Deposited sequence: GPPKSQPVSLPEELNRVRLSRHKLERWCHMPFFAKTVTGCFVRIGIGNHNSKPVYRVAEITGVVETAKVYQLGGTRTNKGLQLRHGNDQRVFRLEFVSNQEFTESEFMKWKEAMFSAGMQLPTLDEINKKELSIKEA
């Protein structure tokens, strides 16, 4: 029941752009990525912590590394909910500053933080054997 307190903890359910590229044509892509988090580039360079709350189709097909996709992630950062192309997800870990700004957004939004149980159950559910 302990709320997430450390970047290391939330990193257990962080998806890189690499993983997202590898998975983006898989049949259960939405089920897999929903409830995970990303380090998302939001433009100039600023990155944020965001939860994936769903997958949508984008207006345009675009290049993602070695493939092409029209998938977009529905991303939540506190009250902020927007669709982002997969191309803007970072391969790097959350910085401590990014993680702390996110916790502030959560509390200021009156949104309950994920628990370590919720994080561990999600991490386990999508392990690839």
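**Student:** What are the missing stretches of the deposited sequence, listed from start to end?
**Tutor:** No coordinates exist for the deposited residues in 1 to 4, 49 to 52, so these stretches are absent from the model.
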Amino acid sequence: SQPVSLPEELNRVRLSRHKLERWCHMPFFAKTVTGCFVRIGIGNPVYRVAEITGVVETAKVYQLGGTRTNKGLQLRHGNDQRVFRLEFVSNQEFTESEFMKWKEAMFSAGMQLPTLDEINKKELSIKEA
From here on, numbers count along this sequence of modelled residues.
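**Student:** Tell me which stretch, 49 to 57 or 74 to 82, has the higher mean Cα B-factor listed in the entry.
**Tutor:** It is 74 to 82.
**Student:** Mean Cα B factor from the PDB record: higher for 110 to 118, or higher for 9 to 17?
**Tutor:** Comparing 110 to 118 with 9 to 17, the higher average CA B-factor belongs to 110 to 118.
**Student:** Between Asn44, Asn91, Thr34, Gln63, which one tops the list for Cα B-factor in this entry?
**Tutor:** Spelled out: the listed residue with the top C-alpha B-factor is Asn44.
**Student:** Looking at the temperature factor on the CA atom of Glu104, which third of the chain's modelled residues does it land in?
**Tutor:** It falls in the top third of the chain.
**Student:** Comparing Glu98 with the other modelled residues of its chain, is its CA B-factor in the lowest, middle or highest third?
**Tutor:** Its C-alpha B-factor, which the entry lists for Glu98, ranks in the middle third among residues of this chain.
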